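Colleague: Input file: entry-v4.txt. Contents: compact mmCIF, C-alpha atoms.
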# COMPACT_ATOMS: atom_id res chain seq x y z
CA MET A 1 -4.37 -9.28 27.40
CA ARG A 2 -3.88 -7.20 24.23
CA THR A 3 -5.32 -8.16 20.87
CA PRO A 4 -3.07 -7.94 17.76
CA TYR A 5 -4.91 -4.73 16.92
CA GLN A 6 -3.97 -3.22 20.34
CA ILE A 7 -0.36 -4.40 20.00
CA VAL A 8 -0.07 -2.63 16.65
CA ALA A 9 -1.86 0.47 17.97
CA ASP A 10 0.71 0.53 20.79
CA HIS A 11 3.49 0.53 18.17
CA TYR A 12 1.91 3.50 16.36
CA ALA A 13 1.54 5.37 19.70
CA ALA A 14 5.27 4.75 20.42
CA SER A 15 6.02 6.04 16.88
CA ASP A 16 4.11 9.27 17.60
CA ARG A 17 6.30 9.64 20.72
CA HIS A 18 9.54 9.01 18.78
CA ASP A 19 10.28 6.15 21.12
CA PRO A 20 12.22 3.37 19.31
CA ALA A 21 12.47 1.21 22.44
CA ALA A 22 8.67 1.22 22.79
CA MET A 23 8.21 0.87 18.99
CA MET A 24 10.26 -2.35 19.12
CA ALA A 25 8.91 -3.70 22.42
CA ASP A 26 6.73 -6.41 20.87
CA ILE A 27 8.93 -7.25 17.87
CA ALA A 28 9.70 -11.01 17.80
CA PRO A 29 13.13 -12.37 16.78
CA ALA A 30 11.22 -14.10 13.90
CA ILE A 31 10.30 -10.66 12.55
CA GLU A 32 10.31 -10.05 8.78
CA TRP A 33 9.98 -6.28 8.37
CA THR A 34 9.82 -5.23 4.70
CA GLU A 35 10.39 -1.70 3.46
CA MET A 36 9.00 -1.38 -0.10
CA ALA A 37 11.38 -2.09 -2.99
CA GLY A 38 11.24 1.46 -4.37
CA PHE A 39 11.61 3.09 -0.92
CA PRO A 40 15.10 4.32 0.05
CA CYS A 41 15.23 1.98 3.06
CA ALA A 42 14.10 -0.99 0.87
CA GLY A 43 14.77 -4.48 2.16
CA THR A 44 13.63 -7.15 4.64
CA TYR A 45 14.97 -6.72 8.16
CA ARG A 46 15.07 -9.61 10.57
CA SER A 47 15.75 -8.17 14.00
CA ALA A 48 14.71 -5.11 16.04
CA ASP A 49 18.33 -3.94 15.89
CA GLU A 50 18.37 -4.07 12.02
CA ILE A 51 15.08 -2.17 11.92
CA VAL A 52 16.28 0.55 14.28
CA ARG A 53 19.66 0.94 12.56
CA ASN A 54 18.84 0.42 8.90
CA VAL A 55 15.40 1.97 8.80
CA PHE A 56 14.64 4.41 11.63
CA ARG A 57 18.21 5.72 12.16
CA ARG A 58 18.70 6.13 8.43
CA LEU A 59 15.43 8.04 8.09
CA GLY A 60 16.55 10.38 10.90
CA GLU A 61 19.94 10.92 9.28
CA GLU A 62 18.66 11.59 5.75
CA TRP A 63 15.36 13.44 6.38
CA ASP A 64 14.21 16.37 8.49
CA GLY A 65 10.87 15.88 10.19
CA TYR A 66 10.12 12.45 8.74
CA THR A 67 6.61 11.85 9.97
CA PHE A 68 3.88 9.17 9.84
CA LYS A 69 0.31 10.10 10.69
CA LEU A 70 -2.12 7.23 11.21
CA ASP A 71 -5.54 7.78 9.59
CA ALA A 72 -7.14 4.27 9.90
CA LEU A 73 -6.42 0.96 11.59
CA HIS A 74 -8.16 -2.12 10.24
CA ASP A 75 -8.62 -5.19 12.40
CA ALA A 76 -8.21 -8.47 10.44
CA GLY A 77 -7.67 -10.69 13.50
CA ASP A 78 -4.03 -11.72 13.57
CA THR A 79 -3.43 -9.27 10.68
CA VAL A 80 -3.78 -5.54 11.18
CA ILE A 81 -3.60 -2.88 8.50
CA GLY A 82 -2.57 0.69 9.26
CA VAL A 83 -3.25 3.47 6.74
CA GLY A 84 -1.92 7.02 6.82
CA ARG A 85 0.36 9.65 5.41
CA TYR A 86 4.05 10.15 5.34
CA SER A 87 5.80 13.53 5.07
CA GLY A 88 9.36 14.76 5.36
CA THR A 89 12.13 16.98 3.94
CA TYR A 90 15.13 15.36 2.31
CA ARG A 91 18.21 16.91 3.84
CA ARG A 92 20.42 16.79 0.69
CA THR A 93 17.94 18.72 -1.54
CA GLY A 94 15.72 20.53 0.96
CA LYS A 95 12.67 19.20 -0.92
CA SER A 96 9.57 17.94 0.96
CA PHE A 97 6.95 15.36 0.09
CA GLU A 98 3.71 14.04 1.42
CA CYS A 99 2.09 10.79 0.38
CA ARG A 100 -0.11 7.89 1.31
CA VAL A 101 0.94 4.62 2.90
CA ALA A 102 -0.51 1.35 4.08
CA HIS A 103 1.23 -1.05 6.50
CA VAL A 104 0.29 -4.72 6.82
CA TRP A 105 1.12 -6.32 10.18
CA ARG A 106 0.87 -9.85 11.57
CA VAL A 107 1.03 -10.89 15.21
CA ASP A 108 1.67 -14.40 16.53
CA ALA A 109 1.29 -15.30 20.20
CA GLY A 110 1.43 -11.66 21.29
CA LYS A 111 4.44 -10.57 19.23
CA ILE A 112 4.76 -8.78 15.95
CA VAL A 113 6.22 -11.16 13.36
CA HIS A 114 5.50 -9.40 10.04
CA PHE A 115 5.46 -5.83 8.69
CA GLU A 116 5.21 -4.68 5.09
CA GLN A 117 5.16 -1.17 3.76
CA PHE A 118 3.17 0.00 0.71
CA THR A 119 3.85 3.65 -0.13
CA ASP A 120 4.15 6.17 -3.00
CA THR A 121 7.78 5.52 -3.73
CA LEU A 122 7.72 7.89 -6.75
CA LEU A 123 6.62 10.83 -4.59
CA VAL A 124 9.37 10.03 -2.05
CA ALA A 125 11.96 9.67 -4.88
CA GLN A 126 10.93 13.08 -6.31
CA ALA A 127 11.98 14.81 -3.03
CA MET A 128 15.42 13.15 -3.41
CA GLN A 129 16.07 14.49 -6.91
CA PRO A 130 18.50 17.41 -7.18
CA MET B 1 -27.58 -10.14 0.01
CA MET B 2 -26.06 -12.39 2.70
CA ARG B 3 -22.72 -12.15 0.98
CA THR B 4 -19.89 -10.70 3.05
CA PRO B 5 -17.70 -7.79 1.99
CA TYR B 6 -14.80 -10.24 1.73
CA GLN B 7 -16.78 -12.37 -0.76
CA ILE B 8 -17.92 -9.34 -2.73
CA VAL B 9 -14.30 -8.17 -3.10
CA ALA B 10 -13.13 -11.71 -3.91
CA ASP B 11 -15.80 -11.79 -6.66
CA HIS B 12 -14.38 -8.52 -8.03
CA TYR B 13 -10.85 -9.92 -8.15
CA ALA B 14 -12.00 -13.07 -9.89
CA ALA B 15 -13.87 -11.01 -12.54
CA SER B 16 -10.90 -8.72 -12.98
CA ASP B 17 -8.50 -11.57 -13.56
CA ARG B 18 -10.66 -13.02 -16.34
CA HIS B 19 -11.40 -9.57 -17.81
CA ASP B 20 -15.13 -9.54 -17.27
CA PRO B 21 -15.86 -5.82 -16.81
CA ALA B 22 -19.60 -6.31 -16.27
CA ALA B 23 -18.90 -8.60 -13.31
CA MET B 24 -15.94 -6.42 -12.18
CA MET B 25 -18.27 -3.43 -11.76
CA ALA B 26 -21.50 -5.27 -10.72
CA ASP B 27 -21.24 -4.36 -7.00
CA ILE B 28 -19.83 -0.84 -7.43
CA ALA B 29 -21.96 1.70 -5.54
CA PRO B 30 -23.35 4.82 -7.18
CA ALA B 31 -21.46 6.68 -4.45
CA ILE B 32 -18.12 4.92 -5.27
CA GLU B 33 -14.80 6.67 -4.52
CA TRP B 34 -12.05 4.72 -6.32
CA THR B 35 -8.59 6.16 -5.76
CA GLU B 36 -5.55 5.23 -7.90
CA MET B 37 -2.38 6.31 -6.06
CA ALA B 38 -1.01 9.83 -6.67
CA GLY B 39 2.25 8.53 -8.21
CA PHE B 40 0.51 5.87 -10.36
CA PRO B 41 -0.08 6.76 -14.07
CA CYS B 42 -3.85 6.39 -13.61
CA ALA B 43 -3.71 8.60 -10.45
CA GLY B 44 -6.95 10.15 -9.33
CA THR B 45 -10.32 9.59 -7.57
CA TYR B 46 -13.06 8.20 -9.81
CA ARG B 47 -16.70 8.46 -8.93
CA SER B 48 -18.60 6.03 -11.18
CA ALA B 49 -18.17 2.63 -12.73
CA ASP B 50 -17.97 4.37 -16.17
CA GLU B 51 -15.09 6.54 -14.99
CA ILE B 52 -13.23 3.61 -13.53
CA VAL B 53 -13.57 1.52 -16.70
CA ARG B 54 -12.61 4.36 -19.06
CA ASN B 55 -9.93 6.19 -17.06
CA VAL B 56 -8.32 3.25 -15.24
CA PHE B 57 -8.84 -0.16 -16.85
CA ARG B 58 -9.15 0.94 -20.48
CA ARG B 59 -6.02 3.13 -20.15
CA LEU B 60 -4.08 0.23 -18.60
CA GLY B 61 -5.02 -1.96 -21.63
CA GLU B 62 -4.00 0.75 -24.07
CA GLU B 63 -0.64 1.67 -22.49
CA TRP B 64 0.63 -1.73 -21.22
CA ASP B 65 1.01 -5.21 -22.65
CA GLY B 66 -0.07 -7.92 -20.22
CA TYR B 67 -0.85 -5.67 -17.28
CA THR B 68 -1.62 -8.18 -14.50
CA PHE B 69 -2.59 -8.31 -10.83
CA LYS B 70 -1.86 -11.48 -8.93
CA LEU B 71 -3.66 -11.76 -5.59
CA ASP B 72 -1.49 -13.16 -2.80
CA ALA B 73 -3.56 -12.38 0.36
CA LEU B 74 -6.99 -11.14 1.22
CA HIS B 75 -7.55 -9.81 4.72
CA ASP B 76 -11.05 -9.70 6.16
CA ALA B 77 -11.51 -6.64 8.46
CA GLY B 78 -15.33 -6.79 8.32
CA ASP B 79 -16.69 -3.90 6.28
CA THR B 80 -13.15 -3.24 5.10
CA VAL B 81 -11.19 -5.80 3.09
CA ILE B 82 -7.47 -5.53 2.14
CA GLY B 83 -6.07 -7.29 -0.95
CA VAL B 84 -2.29 -7.74 -1.31
CA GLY B 85 -0.36 -9.01 -4.29
CA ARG B 86 1.82 -8.18 -7.24
CA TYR B 87 1.48 -6.10 -10.37
CA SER B 88 3.41 -6.77 -13.56
CA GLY B 89 3.28 -5.43 -17.11
CA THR B 90 5.27 -4.17 -20.10
CA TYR B 91 4.94 -0.50 -21.02
CA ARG B 92 4.17 -0.38 -24.74
CA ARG B 93 6.06 2.88 -25.51
CA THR B 94 9.41 1.72 -24.08
CA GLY B 95 9.12 -2.11 -24.15
CA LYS B 96 10.25 -2.22 -20.49
CA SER B 97 8.64 -4.51 -17.91
CA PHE B 98 8.24 -4.16 -14.12
CA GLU B 99 6.97 -6.23 -11.26
CA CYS B 100 6.07 -4.78 -7.85
CA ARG B 101 3.92 -5.09 -4.73
CA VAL B 102 0.51 -3.60 -4.16
CA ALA B 103 -2.11 -3.38 -1.43
CA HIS B 104 -5.76 -2.42 -2.07
CA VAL B 105 -8.05 -1.16 0.68
CA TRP B 106 -11.77 -1.72 0.03
CA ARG B 107 -14.90 -0.64 1.93
CA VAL B 108 -18.36 -2.21 1.39
CA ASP B 109 -21.63 -0.74 2.67
CA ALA B 110 -25.02 -2.43 2.25
CA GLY B 111 -23.65 -4.97 -0.23
CA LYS B 112 -21.92 -2.44 -2.48
CA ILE B 113 -18.31 -1.45 -2.86
CA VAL B 114 -18.11 2.24 -1.83
CA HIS B 115 -14.34 2.86 -1.54
CA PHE B 116 -11.16 1.51 -3.17
CA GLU B 117 -7.67 2.82 -2.60
CA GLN B 118 -4.47 1.58 -4.27
CA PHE B 119 -1.02 1.54 -2.55
CA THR B 120 1.75 0.42 -4.95
CA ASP B 121 5.41 0.87 -5.87
CA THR B 122 4.96 3.85 -8.06
CA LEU B 123 8.72 4.31 -8.57
CA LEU B 124 9.06 0.80 -10.09
CA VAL B 125 6.09 1.41 -12.39
CA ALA B 126 7.58 4.78 -13.36
CA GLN B 127 10.97 3.15 -14.15
CA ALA B 128 9.26 1.03 -16.82
CA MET B 129 7.89 4.24 -18.43
CA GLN B 130 11.37 5.80 -18.81
CA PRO B 131 12.99 5.85 -22.25
Can you turn what I pasted into structure tokens?
Modeller:
Amino acid sequence: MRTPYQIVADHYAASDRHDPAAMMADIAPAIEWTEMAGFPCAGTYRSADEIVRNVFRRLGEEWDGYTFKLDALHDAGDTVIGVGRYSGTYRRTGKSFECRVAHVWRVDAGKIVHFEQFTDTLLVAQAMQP
Amino acid sequence: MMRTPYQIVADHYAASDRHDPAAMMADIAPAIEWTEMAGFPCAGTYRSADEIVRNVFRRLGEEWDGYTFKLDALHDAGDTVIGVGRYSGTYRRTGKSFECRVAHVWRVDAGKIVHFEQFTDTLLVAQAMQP
């Protein structure tokens, strides 16, 4: 049986494959998925459907080549912390960015129940300035 | 000596909250790499306790009224430790306040803190700095 760490790693693998079905496979209906306040997709999403539509779809619509690259994955038992880099080109302005990000995850009884994003919202915002 | 990385980082946070810089820096390694996020006003990688005090904490005290970190969670990943909480403060030049989230990723080796990295809502901090 998978540890929380493996469950989260599986999510990141599915993200590398651009596979939203696999990305959401272990998301519990109790999920609270928080995009950072200053991030364009800011908010707390409470179903896999809301996450796909209001976060991943929106990113695909508004950015070219929006990418996350995982650098580290820290095992805190039921909590797992991913660290990496985002990059992308904002379609309206044609401006790119790259910045750091950390994600804090929690798993409960084999399902992901919590996600929170911590990223350089200023650097992302700069790409979105005319 | 038998103190875990988690405890060492908890000790740091306690010292920082009560503004005891000697205790704040007591376990900082000679080989420290302390990274303030690129979009944060104190952005950069600092490589000694002296640098960190002068170019991070001193500057925060000079440029902000009541700059505060409130620890909400502390996650024990062994040699790595992740703090999560909230920043708040009032930028002295504009009189504007902010509050936002932050995560800190720490690494301890042989009883000393060797890496710190900050991940915070740099846009919200920046908004407070706008005339």
Colleague: Rounded to one decimal place, report the CA of residue 80 in chain A-CA of residue 54 in chain A distance in Å.
Modeller: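 Taking CA of residue 80 in chain A as the start and CA of residue 54 in chain A as the end point, the length is 23.5 Å.
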Colleague: In Å, with one decimal, what is the gap from CA of residue 87 in chain B to CA of residue 47 in chain B?
Modeller: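 Result for CA of residue 87 in chain B versus CA of residue 47 in chain B: 23.3 Å, one decimal.
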Colleague: For range 16-18 of chain A, please output as a short mmCIF file (atom, residue, chain, number, x, y, z; two decimals) with C-alpha atoms, in the coordinates of the input all residues within 10 Å (counting only C-alpha atoms; exclusion window: fewer than 6 positions along the same chain).
Modeller:
data_model
loop_
_atom_site.label_atom_id
_atom_site.label_comp_id
_atom_site.auth_asym_id
_atom_site.auth_seq_id
_atom_site.Cartn_x
_atom_site.Cartn_y
_atom_site.Cartn_z
CA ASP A 10 0.71 0.53 20.79
CA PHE A 56 14.64 4.41 11.63
CA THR A 67 6.61 11.85 9.97
CA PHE A 68 3.88 9.17 9.84
CA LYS A 69 0.31 10.10 10.69
CA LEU A 70 -2.12 7.23 11.21
#
Colleague: Using all atoms listed in the file, which protein or nucleic acid residues come within 9 Å of residue 4 in chain A? Drop anything in the same chain fewer than 2 positions from it, and give the result as number ranges by chain.
Modeller: A: 2, 6-9, 75-80, 105-112
Colleague: Identify all chain A residues at most 6 Å from chain B by counting only C-alpha atoms; ligands do not count. Present them as an MDAnalysis selection string.
Modeller: chainID A and resid 38 74:76 118:122
Colleague: Can I get the selected residues back with C-alpha atoms, as a PDB file, in the coordinates of the input?
Modeller:
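Here's the written file again-v3.pdb:
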ATOM      1  CA  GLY A  38      11.240   1.460  -4.370  1.00  0.00           C
ATOM      2  CA  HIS A  74      -8.160  -2.120  10.240  1.00  0.00           C
ATOM      3  CA  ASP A  75      -8.620  -5.190  12.400  1.00  0.00           C
ATOM      4  CA  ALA A  76      -8.210  -8.470  10.440  1.00  0.00           C
ATOM      5  CA  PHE A 118       3.170   0.000   0.710  1.00  0.00           C
ATOM      6  CA  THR A 119       3.850   3.650  -0.130  1.00  0.00           C
ATOM      7  CA  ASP A 120       4.150   6.170  -3.000  1.00  0.00           C
ATOM      8  CA  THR A 121       7.780   5.520  -3.730  1.00  0.00           C
ATOM      9  CA  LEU A 122       7.720   7.890  -6.750  1.00  0.00           C
TER      10      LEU A 122
END
Colleague: At most 7 Å from (-12.0, -4.0, -4.2), file frame, only C-alpha atoms: which residues, as a short mmCIF file (atom, residue, chain, number, x, y, z; two decimals) with C-alpha atoms, in the coordinates of the input?
Modeller:
data_model
loop_
_atom_site.label_atom_id
_atom_site.label_comp_id
_atom_site.auth_asym_id
_atom_site.auth_seq_id
_atom_site.Cartn_x
_atom_site.Cartn_y
_atom_site.Cartn_z
CA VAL B 9 -14.30 -8.17 -3.10
CA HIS B 12 -14.38 -8.52 -8.03
CA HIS B 104 -5.76 -2.42 -2.07
CA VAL B 105 -8.05 -1.16 0.68
CA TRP B 106 -11.77 -1.72 0.03
CA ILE B 113 -18.31 -1.45 -2.86
CA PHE B 116 -11.16 1.51 -3.17
#
Colleague: Tell me which of B:17, B:5, B:53, B:44 sits closest to residue 71 in chain B, counting only C-alpha atoms.
Modeller: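 Going through B:17, B:5, B:53, B:44 one by one, the smallest distance to residue 71 in chain B is for B:17.
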Colleague: Could you check the closest approach to residue 1 in chain B for each of B:64, B:27, B:41, B:107 and tell me which residue wins, using only C-alpha atoms?
Modeller: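 Distance minimum relative to residue 1 in chain B lands on B:27.
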Colleague: Measuring between only C-alpha atoms, which one of A:91, A:53, A:100, A:46 shows the shortest distance to residue 71 in chain A?
Modeller: A:100
Colleague: Between CA of residue 35 in chain A and CA of residue 65 in chain B, measure the distance and give it in Å to one decimal.
Modeller: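 Interatomic distance here is 28.0 Å.
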Colleague: Draw an axis-aligned box over all listed atoms of range 43-48 of chain B, pad each side with 6 Å, and write its centre and edge lengths in Å, one decimal, as lines of an AutoDock Vina configuration file.
Modeller:
center_x = -11.2
center_y = 8.1
center_z = -9.4
size_x = 26.9
size_y = 16.1
size_z = 15.6
Colleague: When distances are computed from only C-alpha atoms, which of B:25, B:93, B:43, B:60 shows the smallest separation from residue 13 in chain B?
Modeller: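 Using only C-alpha atoms, residue 13 in chain B sits closest to B:25.
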Colleague: Can you tell me which residues surround residue 88 in chain B at a distance of at most 7 Å, considering only C-alpha atoms, apart from same-chain residues fewer than 3 positions away, and format the answer as number ranges by chain?
Modeller: B: 67-69, 98-100
Colleague: Those residues with C-alpha atoms, as an mmCIF file, keeping the file's coordinate frame please?
Modeller:
data_model
loop_
_atom_site.group_PDB
_atom_site.id
_atom_site.type_symbol
_atom_site.label_atom_id
_atom_site.label_comp_id
_atom_site.auth_asym_id
_atom_site.auth_seq_id
_atom_site.Cartn_x
_atom_site.Cartn_y
_atom_site.Cartn_z
ATOM 1 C CA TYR B 67 -0.850 -5.670 -17.280
ATOM 2 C CA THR B 68 -1.620 -8.180 -14.500
ATOM 3 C CA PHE B 69 -2.590 -8.310 -10.830
ATOM 4 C CA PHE B 98 8.240 -4.160 -14.120
ATOM 5 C CA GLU B 99 6.970 -6.230 -11.260
ATOM 6 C CA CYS B 100 6.070 -4.780 -7.850
#
Colleague: With N, CA and C atoms as the goal, would you fill in the gaps in range 21-51 of chain A and present it as a compact mmCIF listing (two decimals), in the coordinates of the input?
Modeller:
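What follows is the written file result36.txt:
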# COMPACT_ATOMS: atom_id res chain seq x y z
N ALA A 21 12.57 2.28 21.48
CA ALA A 21 12.47 1.21 22.44
C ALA A 21 11.03 0.71 22.52
N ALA A 22 10.08 1.63 22.70
CA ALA A 22 8.67 1.22 22.79
C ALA A 22 8.18 0.70 21.43
N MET A 23 8.61 1.34 20.34
CA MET A 23 8.21 0.87 18.99
C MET A 23 8.58 -0.60 18.76
N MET A 24 9.72 -1.00 19.33
CA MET A 24 10.26 -2.35 19.12
C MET A 24 9.92 -3.35 20.20
N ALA A 25 9.13 -2.91 21.19
CA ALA A 25 8.91 -3.70 22.42
C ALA A 25 8.31 -5.06 22.16
N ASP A 26 7.43 -5.17 21.18
CA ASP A 26 6.73 -6.41 20.87
C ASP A 26 7.22 -7.12 19.60
N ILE A 27 8.32 -6.65 19.04
CA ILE A 27 8.93 -7.25 17.87
C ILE A 27 9.59 -8.59 18.24
N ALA A 28 9.16 -9.66 17.58
CA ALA A 28 9.70 -11.01 17.80
C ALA A 28 11.03 -11.19 17.05
N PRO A 29 11.91 -12.05 17.58
CA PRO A 29 13.13 -12.37 16.78
C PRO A 29 12.85 -12.99 15.40
N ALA A 30 11.68 -13.59 15.22
CA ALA A 30 11.22 -14.10 13.90
C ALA A 30 10.76 -13.03 12.92
N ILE A 31 10.83 -11.79 13.34
CA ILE A 31 10.30 -10.66 12.55
C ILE A 31 10.82 -10.69 11.10
N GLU A 32 9.92 -10.42 10.14
CA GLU A 32 10.31 -10.05 8.78
C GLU A 32 9.63 -8.72 8.53
N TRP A 33 10.44 -7.67 8.47
CA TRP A 33 9.98 -6.28 8.37
C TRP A 33 10.43 -5.79 7.01
N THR A 34 9.50 -5.62 6.08
CA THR A 34 9.82 -5.23 4.70
C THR A 34 9.49 -3.79 4.36
N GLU A 35 10.54 -3.03 4.04
CA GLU A 35 10.39 -1.70 3.46
C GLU A 35 10.26 -1.90 1.95
N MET A 36 9.36 -1.14 1.30
CA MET A 36 9.00 -1.38 -0.10
C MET A 36 10.21 -1.25 -1.01
N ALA A 37 10.26 -2.06 -2.06
CA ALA A 37 11.38 -2.09 -2.99
C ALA A 37 11.85 -0.74 -3.48
N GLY A 38 10.90 0.13 -3.83
CA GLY A 38 11.24 1.46 -4.37
C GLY A 38 11.54 2.55 -3.33
N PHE A 39 11.38 2.19 -2.05
CA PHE A 39 11.61 3.09 -0.92
C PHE A 39 13.11 3.15 -0.58
N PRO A 40 13.62 4.30 -0.15
CA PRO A 40 15.10 4.32 0.05
C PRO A 40 15.63 3.28 1.03
N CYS A 41 14.85 2.99 2.07
CA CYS A 41 15.23 1.98 3.06
C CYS A 41 14.81 0.53 2.69
N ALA A 42 14.46 0.31 1.41
CA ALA A 42 14.10 -0.99 0.87
C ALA A 42 14.86 -2.17 1.47
N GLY A 43 14.15 -3.22 1.79
CA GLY A 43 14.77 -4.48 2.16
C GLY A 43 13.88 -5.18 3.18
N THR A 44 14.29 -6.39 3.57
CA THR A 44 13.63 -7.15 4.64
C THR A 44 14.57 -7.33 5.79
N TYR A 45 14.18 -6.77 6.93
CA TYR A 45 14.97 -6.72 8.16
C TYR A 45 14.45 -7.75 9.15
N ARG A 46 15.38 -8.40 9.82
CA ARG A 46 15.07 -9.61 10.57
C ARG A 46 15.48 -9.58 12.04
N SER A 47 15.60 -8.38 12.59
CA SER A 47 15.75 -8.17 14.00
C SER A 47 15.35 -6.72 14.31
N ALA A 48 14.99 -6.48 15.57
CA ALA A 48 14.71 -5.11 16.04
C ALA A 48 15.90 -4.18 15.83
N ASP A 49 17.09 -4.69 16.13
CA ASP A 49 18.33 -3.94 15.89
C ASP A 49 18.50 -3.51 14.41
N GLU A 50 18.27 -4.42 13.45
CA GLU A 50 18.37 -4.07 12.02
C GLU A 50 17.34 -3.02 11.67
N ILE A 51 16.14 -3.16 12.21
CA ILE A 51 15.08 -2.17 11.92
C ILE A 51 15.44 -0.79 12.44
